[PDB]
Amino acid sequence: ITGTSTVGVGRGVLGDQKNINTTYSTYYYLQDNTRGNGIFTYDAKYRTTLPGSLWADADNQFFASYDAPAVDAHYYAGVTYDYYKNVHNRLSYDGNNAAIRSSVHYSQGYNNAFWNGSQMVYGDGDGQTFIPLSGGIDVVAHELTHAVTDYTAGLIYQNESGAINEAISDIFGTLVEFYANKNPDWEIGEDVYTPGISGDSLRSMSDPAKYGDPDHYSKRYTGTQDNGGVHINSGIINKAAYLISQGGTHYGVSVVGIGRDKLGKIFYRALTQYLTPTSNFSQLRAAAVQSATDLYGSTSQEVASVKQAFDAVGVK
Ligand SMILES: CC(C)C[C@H](NP(=O)(O)CNC(=O)OCc1ccccc1)C(=O)NCC(C)(C)C
Ligand SMILES: [Ca+2]
Ligand SMILES: [Ca+2]
Ligand SMILES: [Ca+2]
Ligand SMILES: [Ca+2]
Ligand SMILES: [Zn+2]
């Protein structure tokens with residue numbers, strides 16, 4: 001909407017206070033004009049028709065319980081935008097400052113979040129499996145990264161390409177979490193998963209097997225559930241990414257860690273210059289090796305570490 005840029009204040013899902021960029025025109029809207037062509041957050045009002053209504057508030061204060069998922073979707077979309085712009089020189093998900101749209105309060109008891117081809121969508125959770133999913137910065141960045149993937153590599157959402165698609169979202173979700181630097185880890189969704197259980201998460205990149213996800217190609221799922229295991233086989237690539245960044249010895253194969261920033265550069269380059277819609281795990285290895293070669297040189301530690309990590313997870 002047309003209005004003047006303002007700054008509201010509210011509390012997120014976890015009870016933390018934050019400032020948010022809003023727009024004033026009669027109401028204060030969750031419309032952040034400071035980033036690209038805007039970040040826009042909508043109320044789906046417990047229904048499934050999208051996007052719903054652009055979030056309107058009378059006083060620019062967002063401290064109601066109902067406000068919390070909107071505050072976080074809006075704010076964490078901003079952080080994710082900043083990460084891509086500042087770290088990778090990418091302007092929004094399409095590289096041309098596309099408006100970023102999110103809807104919260106989607107459906108009832110909805111234990112998921114997704115990119116629907118055009119926008120991000122967040123359930124509130126059922127209060128047991130999840131609390132409102134926009135409360136996780138890794139979750140928000142995971143969803144926005146699906147848009148990035150769709151505009152770039154275009155990885156088809158099934159089988160190996162789909163597992164790469166998933167891992168890319170977990171990898172950048174985690175890198176954005178580190179970028180924001182509030183309780184960062186290599187776990188996925190820990191801030192919004194199972195409020196009654198401390199210390200767990202939806203997935204682990206450092207040890208995917210802790211939740212039964214494969215950490216080696218020999219343990220890949222080959223059935224038809226979950227689009228051929230896109231959220232399962234992602235563990236193999238998540239583990240490789242974790243090893244590239246942090247190092248470790250995995251099934252007897254030692255990897256020298258090169259750090260998060262280089263992991264991010266290598267995978268961002270792979271995603272945007274080498275991966276295609278049908279890339280499989282072997283092709284991702286090749287893409288990552290080539291990306292590291294481009295950035296650091298064929299004889300570099302970075303290249304050696306990428307090879308070590310894929311060796312460790314059984315991807316040749
Ligand atoms: C980061 C977590 C919190 C959310 C994450 N959601 P996602 O974006 O991967 C769900 N993806 C999904 O719904 O794709 C299917 C799809 C395809 C085209 C248009 C709309 C929807 C996830 O891992 N979902 C899978 C669960 C088993 C955890 C629910
Ligand atoms: Ca208010
Ligand atoms: Ca965390
Ligand atoms: Ca996390
Ligand atoms: Ca939990
Ligand atoms: Zn996903």
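Every heavy atom of this structure was used, including side-chain atoms; hydrogens, water molecules and symmetry mates were not. Counting convention: from 1, in listed order, for ligands and their atoms alike. For the single chain, residues carry numbers from 1 onward in sequence order.
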Check whether the side chains of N33 and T23 place a donor and an acceptor atom closer than 3.5 Å, and report yes or no.
yes

Pick out which of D213, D170, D185, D215 makes a salt bridge (charged side-chain N to carboxylate O under 4.0 Å, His left out) with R203.
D170

Is [X] close enough that one of its N/O/S atoms sits under 3.0 Å from the Ca ion (ligand 3)?
X    : result
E187 : no
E190 : yes
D191 : no

Is the [X]-[Y] ring centre distance short of 6.0 angstrom?
X    : Y    : result
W55  : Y66  : yes
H105 : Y110 : no
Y83  : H88  : yes

Angle subtended at the Ca ion (ligand 5) by O of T194 and O of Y193, nearest 10°
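Approximately 80° at the metal, rounded to tens of degrees.
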
Within less than 3.0 Å of the Ca ion (ligand 2), any N, O or S from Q61?
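Yes, since at least one N, O or S atom of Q61 sits under 3.0 Å from the Ca ion (ligand 2).
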
Do any of the N/O/S atoms of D59, backbone or side chain, fall under 3.0 Å from the Ca ion (ligand 2)?
yes

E177: which N/O/S atom is nearest the Ca ion (ligand 3)?
OE2

Looking only at N, O or S atoms, find the one in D200 nearest to the Ca ion (ligand 5) and name it.
OD1

Report yes or no: is the cationic atom of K316 (NZ for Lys, CZ for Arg) closer than 6.0 Å to the six-membered ring centre of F310, at no more than 45° off its axis?
no

Taking N, O or S atoms only and a limit of 3.0 Å, check whether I197 reaches the Ca ion (ligand 5).
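An N, O or S atom of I197 is closer than 3.0 Å to the Ca ion (ligand 5), so yes.
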
O (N183) to the Ca ion (ligand 3) to OD2 (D185) angle, given to the nearest 10 degrees
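Rounding to the nearest 10 degrees gives 90°.
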
Can any side-chain N or O of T145 pair as donor or acceptor with the backbone N or O of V148 at less than 3.5 Å?
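Checking the backbone N and O of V148 against the side chain of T145, no donor-acceptor pair under 3.5 Å is found.
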
